[PDB]
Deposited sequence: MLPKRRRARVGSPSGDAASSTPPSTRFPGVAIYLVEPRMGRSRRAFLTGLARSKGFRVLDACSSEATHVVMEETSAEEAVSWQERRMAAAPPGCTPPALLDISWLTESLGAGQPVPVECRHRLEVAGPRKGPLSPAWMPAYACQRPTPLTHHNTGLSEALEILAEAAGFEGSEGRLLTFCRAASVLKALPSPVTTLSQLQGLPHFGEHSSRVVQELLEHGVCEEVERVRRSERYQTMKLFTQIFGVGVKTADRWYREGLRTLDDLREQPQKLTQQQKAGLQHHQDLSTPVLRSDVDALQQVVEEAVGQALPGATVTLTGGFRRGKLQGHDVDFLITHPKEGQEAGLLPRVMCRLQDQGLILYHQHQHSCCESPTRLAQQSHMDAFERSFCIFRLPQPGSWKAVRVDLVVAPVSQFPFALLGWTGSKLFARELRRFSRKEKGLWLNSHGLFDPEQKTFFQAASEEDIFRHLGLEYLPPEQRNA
């Protein structure tokens, strides 16, 4: 079992679901307290279990596994012996964890903002609604749409959304393409949003595209919120999506990349977020190359690797290729 998540296949569904879910609670709680190192270790340990070929049934099976030390092994031991880990349960029911989870789930609210509100005594969404002077326009939109945004997006929703985005993209720039990325590209059957990557086969033609796309979507009445309701290339918006007799708000992410960068953007925005983070860490620490969603840089030669495909990038990094369905770290 290699130490980096990008060195092993991680399928969407696996054989250690309960154990990984417990470790991810602790990871989440570490992030609520600002402990990014502990968050990473618990995230990485959970990911190791997702990559295992069978269930962990005894402690000895944790021997030699990367990112399992005293703390994560004790968590697994208690789940194996009693079905529950007291630390995890204490976190689950704590007022701090529940409120930080509630607040950070709001679109436009991160850990710093949620922590400030918590310290001021706020605890519920209605607490926030009563203090609208505390809220950015983005957070007001996240708060008003919170109930719809907490409803999982379904794979059936995704196809209708992609068609309306493609229609607006095609008017904005004939020949531009829309590629589904994020969790649905990794095979997820539901998600918190829908992620699209847009490009054009003629390098440079994608410049200035996303303002034109957003203006067309907004004119069609499909945009409930976006940051530009000047030049921009990413939009994190809220879409109006049809439903039986009505509609629901859905988060949609749109990203534009030139075709030269498209493989790097596709790799970055397909995720998972831990997979991509580990891939960039592997690139820097093990290969001495700087990877991001725009390219792959050799700091010694001061040169960028050209890539025509994700397969190119895995090869540049000396990694076996993983299809998106195996990037569910």
Q) Could you list, start to end, the deposited-sequence stretches with no C-alpha atoms? A) 1-137, 367-382
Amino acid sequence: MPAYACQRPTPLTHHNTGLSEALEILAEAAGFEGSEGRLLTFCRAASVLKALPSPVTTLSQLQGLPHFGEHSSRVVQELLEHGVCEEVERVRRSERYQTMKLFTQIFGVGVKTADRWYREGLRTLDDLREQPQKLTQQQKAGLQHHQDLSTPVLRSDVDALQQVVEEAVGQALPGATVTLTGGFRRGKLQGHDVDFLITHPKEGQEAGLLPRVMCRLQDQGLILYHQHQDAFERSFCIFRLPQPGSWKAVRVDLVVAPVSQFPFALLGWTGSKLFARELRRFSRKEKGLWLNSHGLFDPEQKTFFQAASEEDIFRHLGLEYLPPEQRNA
From here on, numbers count along this sequence of modelled residues.
Q.
So, looking at the entry's B-factor column for Cα atoms, which has the higher mean, 298-306 or 46-54?
A. 298-306
Q) Out of 242-250 and 203-211, which stretch has the higher average CA B-factor listed in the record? A) 242-250
Q) When the CA B-factors of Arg92, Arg185, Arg234, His146 are compared as recorded in the entry, which is the largest? A) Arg92
Q: By the entry's C-alpha temperature factors, tell me which of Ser72, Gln218, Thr181, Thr177 sits highest.
A: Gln218
Q. If you rank the chain by CA B-factor, which third does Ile198 end up in: lowest, middle or highest?
A. lowest
Q) Compared with the other modelled residues in the chain, in which third is the CA B-factor of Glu28? A) middle
**Q.** Third assignment of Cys6 from its chain's C-alpha B-factors
**A.** lowest
**Q.** Within-chain third of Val256 by Cα B-factor, per the entry
**A.** lowest
Q | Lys140 - which third its CA temperature factor falls in, relative to the rest of the chain | A | middle
